[PDB]
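Undergrad: Before I ask anything, here is the structure I am working with.
The numbers here are math on the coordinates, done by the rules we state, and not lab data. Neighbour counts run over all protein chains shown; Cβ positions are idealised from the backbone, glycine included.
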Amino acid sequence: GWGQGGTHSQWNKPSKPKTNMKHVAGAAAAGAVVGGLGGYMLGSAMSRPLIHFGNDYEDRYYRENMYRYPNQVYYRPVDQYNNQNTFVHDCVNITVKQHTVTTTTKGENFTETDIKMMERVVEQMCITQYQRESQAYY
Amino acid sequence: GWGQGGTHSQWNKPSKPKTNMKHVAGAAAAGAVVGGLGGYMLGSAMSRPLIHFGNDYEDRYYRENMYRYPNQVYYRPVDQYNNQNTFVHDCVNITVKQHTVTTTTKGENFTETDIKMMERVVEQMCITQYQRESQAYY
Amino acid sequence: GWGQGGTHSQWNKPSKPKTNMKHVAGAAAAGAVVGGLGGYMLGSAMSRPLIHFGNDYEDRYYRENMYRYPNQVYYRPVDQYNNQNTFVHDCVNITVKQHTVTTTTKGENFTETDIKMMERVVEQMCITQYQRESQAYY
Amino acid sequence: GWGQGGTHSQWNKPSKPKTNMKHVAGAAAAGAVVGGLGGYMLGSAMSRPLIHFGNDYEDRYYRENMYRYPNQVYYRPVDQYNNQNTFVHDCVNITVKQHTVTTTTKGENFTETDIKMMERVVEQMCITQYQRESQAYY
Amino acid sequence: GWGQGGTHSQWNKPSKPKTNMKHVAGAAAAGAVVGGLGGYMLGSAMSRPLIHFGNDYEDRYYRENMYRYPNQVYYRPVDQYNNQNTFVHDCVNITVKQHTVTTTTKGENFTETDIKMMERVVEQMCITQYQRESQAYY
């Protein structure tokens, strides 16, 4: 007539995490867990992987049992070329340019005029602004 | 007549996570879990994978049982070329350009005029703005 | 008639984490856990991996049992070429340029004019601004 | 009729962590734990990895049991070329340039004019500003 | 009828950590723990790794048991070339330049004018400013 107390356990219990950041790449933030027996596991081999939050009871009576390589993980990869990649390209290769190429041969008594006005061409770009009861003036 | 207390357990229990960020690539954020016995697992082999939140009871009586390689994971990949990739291209290869090519040969007594006015051409671009009771003036 | 007290345990219990940062790459921040028996594990092999928050009871009676290599991890990878990478490119290769190429051969009595006005061309770019009851004037 | 007191234990219990930083690369900050039996483990092999927050009871009676290499980790990788990398490129290769190339051969009695006005071209860039009841004037 | 008192133990218990910093690379800060039996462990092999916050009870009666290499870690890596690196590039290769190349051959009675005005071209860049009831004037 024994007794085990109930388990109220948290692998991650962050209370009121107020966080301001920009980039979360390959990481964990704002009270987040990257995988329980998992996550980013490109090549894996797990024998008898068990997750049970409930109570566990085992009453085992093993007699003369021949266990030959139980839960064996024969991890023998050959020439494994696997790609599981995350690519994020934001505002890349942005160009605001004015280019002029001049190739004049034996130009006599000639006038060359090259005017490239560039005014108020881009006022805003990639403005990741979060506003809450706020004001922004540009 | 024993007793096991009930389990109230959370792998991730974030309370009121207030977070501001821009990019979450290949990561975990805002109280999120990347996989329980899973996630981003391109090549995997799991024998008897079990998840049960409920209570577990086992009363095993094994006698003279021959278990030959139980739950065996024969992980032998050969020439595995697999691709599971996430590609995000936002506002990439954006060009605002004025280009002029001049190739004049023995130009005599000639006038060349090249005017490229560029005014108020792009006022806003890629403006990821979140507004809540706020004001923005451009 | 014994008794084990209930377990209220947290692997990470941060209370009110107020944090300001910019980049979280391959790390942990704001009270976040990178993996419980997991995370970023590209090549892994785990035999009998078990996670159970509940109480555990075991009553084992093993007699004359032949256990030959139980829970064996035969980790023998050959020529494993795997890629699980996170790429974040934000505001990369941004160019605001004015380029002029002049190639004049035996130019006699000629006038060359190259004017490239560049005014108010980019006012803002990559402005990751978080506003809460605040004001910004540009 | 014995008794074990309940365990209320935290691997990391930071209370009210108020932190200001810029970059968290391959590290831990703001009360965050990088992995419990995990984290950033590219090549791993763990036999019988067990995590249980609940109480553990074991009543083992092993008699004449032949355990040949139990929980054996045969970690023999050959030519393992694996890449699990986090790449963050923010505001890289940003160029604001004015370039002129002049190549004149036997230019006689000619006038060359090269004007490149550059005014108010970029006012702000990569401004990671967090505002709370604050004001910014540019 | 014995008794063991409950354990209320913390591997890291920082109370109200108020911290201001810039870079946390490959380190620990703001009351953060880098791994419990983990962290940044590129190549690892652990036999029977166990973490249990709950109470542990063991009543073992082993008689005539042949344990041949139990929990053996055969750590024999050959030609292991693995990369798990964190790369953070912020505001790198930023160039604000005015370059002129002059190559004149036997230029007779010619006027060369090269004007490159550069005014108010970049007002702010990489301004990682955290504001709380504050004011900034530029």
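Undergrad: Please compute P(r) over all alpha-carbon pairs of the protein assembly as shown, binned at 20 Å starting from zero, and give each bin as a whole-number percent.
TA: All Cα pairs, binned at 20 Å, distribute as 17, 37, 26, 14, 5, 1 percent.
Undergrad: What does the C-alpha gyration tensor say about the overall shape of the range E:43-98? Classify as rounded when a/c is under 1.5, otherwise prolate if a/b is larger than b/c, or oblate.
TA: Because a/c hits 1.5 or more and a/b fails to exceed b/c, the range E:43-98 counts as oblate.
Undergrad: Would you work out if the range A:1-81 is rounded, prolate or oblate? Take a ≥ b ≥ c from the square roots of the eigenvalues of the alpha-carbon gyration tensor; rounded if a/c is under 1.5, else prolate when a/b is larger than b/c, oblate otherwise.
TA: oblate
Undergrad: Considering only the label points, 7 Å along Cα→Cβ from Cα, what distances in nm to one decimal separate A:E133 from the same position in each other copy, shortest first?
TA: Nearest first, the other copies' label points are 0.5, 0.5, 1.0, 1.4 nm away.
Undergrad: Normalised by the number of residues in chain E, what is the relative contact order in percent for Cα pairs under 8 Å and 6+ residues apart?
TA: 15 percent
Undergrad: Now, a different point. Would you kindly state the longest site-free stretch of chain E, with sites defined as trypsin sites (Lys or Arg not before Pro) in a DSSP loop (not H, G, I, E, B) surrounded by at most 13 other Cβ atoms within 10 Å?
TA: Longest gap between qualifying sites, sites excluded: E:23-105.
Undergrad: Right, next: Is the range B:10-57 best put as rounded, prolate or oblate by its Cα gyration tensor, with a ≥ b ≥ c the root eigenvalues, rounded for a/c under 1.5, and otherwise prolate when a/b is larger than b/c, oblate when not?
TA: Here the range B:10-57 falls in the oblate category.
Undergrad: Determine, from the Cβ-Cβ distance of E:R132 and B:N85 and an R0 of 60 Å, the FRET efficiency 1/(1 + (r/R0)^6), rounded to the nearest 0.05.
TA: Rounded to the nearest 0.05, the efficiency is 0.90.
Undergrad: Quick one: compute a quarter of the convex hull surface over the Cα atoms of chain B and quote it in nm².
TA: If you wrap the Cα atoms of chain B in a convex hull and average its projections, you get 22.3 nm².
Undergrad: Hand me the chymotrypsin sites (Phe, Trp or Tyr not before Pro) from the range A:81-115 located in a DSSP loop with no more than 14 other Cβ atoms within 10 Å, in residue order please.
TA: none
Undergrad: Sort shortest first the distances from A:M66 to its counterpart in every other copy, using label points 7 Å along the Cα-to-beta-carbon line, and give them in nm.
TA: Shortest to longest, the spacings are 0.5, 0.5, 1.0, 1.4 nm.
Undergrad: Which parts of the range D:35-73 would a label at E:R63 reach, counting a residue when its backbone N lies under 14 Å from a point 7 Å out along Cα-to-Cβ?
TA: Within reach of a label on E:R63, which here means backbone N under 14 Å from a point 7 Å along Cα→Cβ, the range D:35-73 contributes D:60-65.
Undergrad: Now a separate question. For a quick check: sort D:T19, E:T104, E:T86 by the number of other beta carbons within 10 angstrom, fewest at the front.
TA: Ascending Cβ contact count within 10 Å gives the list E:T104, E:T86, D:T19.
Undergrad: Same structure again: Of C:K22/D:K116; A:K22/E:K97; C:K18/E:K13; C:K97/E:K106, which sit over 27 Å apart, Cα to Cα?
TA: C:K22/D:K116; A:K22/E:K97; C:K97/E:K106
Undergrad: Distance between Cα centroids, the range B:1-51 to the range E:23-87: provide it in whole Å.
TA: 21 Å
Undergrad: Run through the range B:1-109 and list the GluC sites (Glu not before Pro) located in a DSSP loop whose Cβ has at most 15 other Cβ atoms within 10 Å.
TA: Passing sites in the range B:1-109 are B:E64.
Undergrad: Along Cα-to-Cβ, 7 Å out, sits the label point; list in nm, shortest first, how far the one on E:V78 is from those in the other copies.
TA: Inter-copy label distances (nm, one decimal, shortest first): 0.5, 1.0, 1.4, 1.9.
Undergrad: How long are the semi-axes of the ellipsoid equivalent to the range C:71-138, from square roots of 5 times the Cα gyration tensor eigenvalues, in whole Å, largest first?
TA: 53, 32, 3
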